[PDB]
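What follows is a set of notes on a single structure, which appears directly below.
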Amino acid sequence: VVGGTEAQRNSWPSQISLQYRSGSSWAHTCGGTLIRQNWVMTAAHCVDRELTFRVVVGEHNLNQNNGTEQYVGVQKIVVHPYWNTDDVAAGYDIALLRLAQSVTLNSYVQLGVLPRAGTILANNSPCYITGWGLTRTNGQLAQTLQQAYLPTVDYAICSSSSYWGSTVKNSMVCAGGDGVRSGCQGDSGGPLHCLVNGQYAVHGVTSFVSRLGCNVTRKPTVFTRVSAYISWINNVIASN
Ligand SMILES: *[C@](=O)([C]([N]C(=O)[C]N1C(=O)C([N]S(=O)(=O)[N][C])=[C][C]=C1C1=[C][C]=[C][C]=[C]1)[C]([C])[C])C(F)(F)F
Ligand code: NA
């Protein structure tokens with residue numbers, strides 16, 4: 001997250017750290033959202049390789065041991081059937097990971113609330129992006145969970161010529177674009193928390209930014225629109 005601030009230790013309990021094993025060590029690669037005690041929602045482009053993964057819940061400081069962490073292995077990975085490995089622009093950037101063991105809920109680990117199917121937010125809706133991604137374009141990962149205020153840019157403006165054009169589809173949510181705050185490498189798959197009816201609901205799965213820079217003006221961070229995938233999510237979960 002570029003231009004963010006460290007989140008409070010129990011502010012976003014549904015945020016998870018998706019890590020892959022390199023050699024003997026583990027390394028954070030993407031974010032994700034706990035949606036069931038044994039299911040995590042993330043971006044398809046995070047779990048596209050045949051890597052060995054683990055999910056860390058109740059995590060705050062990537063390096064230090066906070067004492068609230070639960071590490072569980074990934075048992076099953078279900079990427080959306082229409083996801084094309086190359087294509088972040090084509091859409092369908094969503095995946096569900098079945099955990100090897102159910103996690104224990106407490107104040108540091110909670111389930112994320114999903115929007116009702118089809119829900120579209122009005123322009124400039126208040127949302128926050130969270131993650132341990134790069135704090136600067138070509139910089140390094142954040143040690144502690146970062147958060148940034150990233151209000152929505154409705155599709156009409158986002159899909160215009162001076163923003164993203166046809167790259168952004170109706171099944172995506174745009175947020176930010178002020179040139180100061182944005183998602184960045186390592187934030188992928190994480191949540192876009194939006195305040196709706198007094199409740200923070202997970203409206204997006206962090207997908208992409210401009211390869212020219214993370215915090216590029218008129219290039220808001222783009223997320224997979226969760227509300228467009230409610231039926232798919234429930235079908236997957238009901239089936240396995
Ligand atoms: C994730 O943290 C980051 N996501 C990506 O880098 C996804 N991404 C892109 O943002 C682009 N941008 S583009 O070239 O401007 N296309 C519109 C291209 C490719 C990818 C991509 C695809 C497949 C695998 C990895 C990256 C954050 C910036 C959200 C991360 F690093 F992917 F995990
Ligand atoms: Na930690």
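Position 1 is the first residue of the sequence, and the numbers go up from there. Counting convention: from 1, in listed order, for ligands and their atoms alike. What's counted below: heavy atoms across the whole structure, side chains too, no hydrogens, waters or symmetry copies.
For ligand 1, the polar-atom distance check against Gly186 finds a nitrogen or oxygen pair separated by under 3.5 Å. Taking any N or O of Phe208, backbone or side chain, none lies under 3.5 Å from an N or O belonging to ligand 1. Geometrically, ligand 1 and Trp164 share no nitrogen or oxygen pair separated by less than 3.5 Å. Taking any N or O of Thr85, backbone or side chain, none lies under 3.5 Å from an N or O belonging to ligand 1.
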Step-by-step side-chain hydrogen bond (donor to acceptor under 3.5 Å, both in side chains) determination, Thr68 to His60: CA-CA 9 Å; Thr68 50; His60 185 73; over 6 Å; no

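Within ligand 1, the atoms closer than 4.0 Å to a non-hydrogen atom of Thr206 are 29 (C), numbered from 1 in the order shown. For ligand 1, the atoms closer than 4.0 angstrom to any heavy atom of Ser188 are 1 (C), 2 (O), 3 (C), 4 (N), 5 (C), 27 (C), 29 (C), 30 (C), 31 (F), 32 (F), 33 (F). Less than 4.0 angstrom separates some heavy atom of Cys30 from each of these atoms of ligand 1: 33 (F). When each atom of ligand 1 is checked for a heavy atom of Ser210 under 4.0 Å away, the hits are 15 (O).
At least one heavy atom of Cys184 sits less than 4.0 Å from an atom of ligand 1. Under the 4.0 angstrom criterion for non-hydrogen atoms, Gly133 is not in contact with ligand 1. Not close to ligand 1: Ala43, with no non-hydrogen atom less than 4.0 angstrom away.
Of the protein's heavy atoms, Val209 O, 3.9 Å lies nearest to atom 11 (C) of ligand 1. Nearest protein heavy-atom neighbour of atom 18 (C) of ligand 1: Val88 CG1, 4.3 Å. Among protein heavy atoms, the minimum distance from atom 14 (O) of ligand 1 is reached at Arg211 CG, 3.3 Å.
Between the Na ion (ligand 2) and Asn61 there is an N/O/S contact shorter than 3.0 Å. For a distance bound of 3.0 Å, the N, O or S atoms of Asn65 include none lying that close to the Na ion (ligand 2). At least one N, O or S atom of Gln64 sits under 3.0 Å from the Na ion (ligand 2).
Taking the six-membered ring for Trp and the full ring otherwise, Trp164 and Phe208 have centroids separated by under 6.0 Å.
The 12-atom threshold is not exceeded at CZ of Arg218, counting heavy atoms of other residues, nucleotides or ligands nearer than 6.0 Å.
By the 4.5 Å heavy-atom criterion applied to side chains, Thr29 and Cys46 are not counted as neighbours. In this structure, the side chains of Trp232 and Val78 come closer than 4.5 Å at one or more pairs of heavy atoms. At least one side-chain heavy atom of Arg98 sits under 4.5 Å from a side-chain heavy atom of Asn38. Counting heavy atoms from C-beta on, the side chains of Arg225 and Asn170 come closer than 4.5 Å. Using a 4.5 Å heavy-atom threshold, the side chains of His45 and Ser188 count as touching.
Inspection of the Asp93 and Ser207 side chains reveals an N or O donor paired with an N or O acceptor under 3.5 Å. Side chains of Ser17 and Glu59: a donor-acceptor N/O pair is absent below 3.5 angstrom, by distance only.
Alongside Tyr149, the hydrophobic cluster contains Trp12, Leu62, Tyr128, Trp132, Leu145, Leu195, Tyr200 (criterion: ILVMFWY side chains under 4.5 Å).
Centred on the Na ion (ligand 2), the OE2 atom of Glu69 and the OE1 atom of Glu59 lie at an angle of 90°, reported to 10°.
The closest heavy-atom contact to atom 26 (C) of ligand 1, among the options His28, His45, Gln185, comes from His45. If you check each of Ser207, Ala44, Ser182 against atom 7 (C) of ligand 1, the one with the closest non-hydrogen atom is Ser207.
For the pair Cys184 and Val2, the tightest heavy-atom approach, listed with the atom from each and the gap, is CB-CG2, 3.7 Å.
For atom 20 (C) of ligand 1, no protein heavy-atom neighbour is present inside the 4.0 Å cut-off.
Partner of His203 under the side-chain contact (heavy atoms from CB on, under 4.5 Å) criterion, out of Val196, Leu114, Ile120: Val196 alone.
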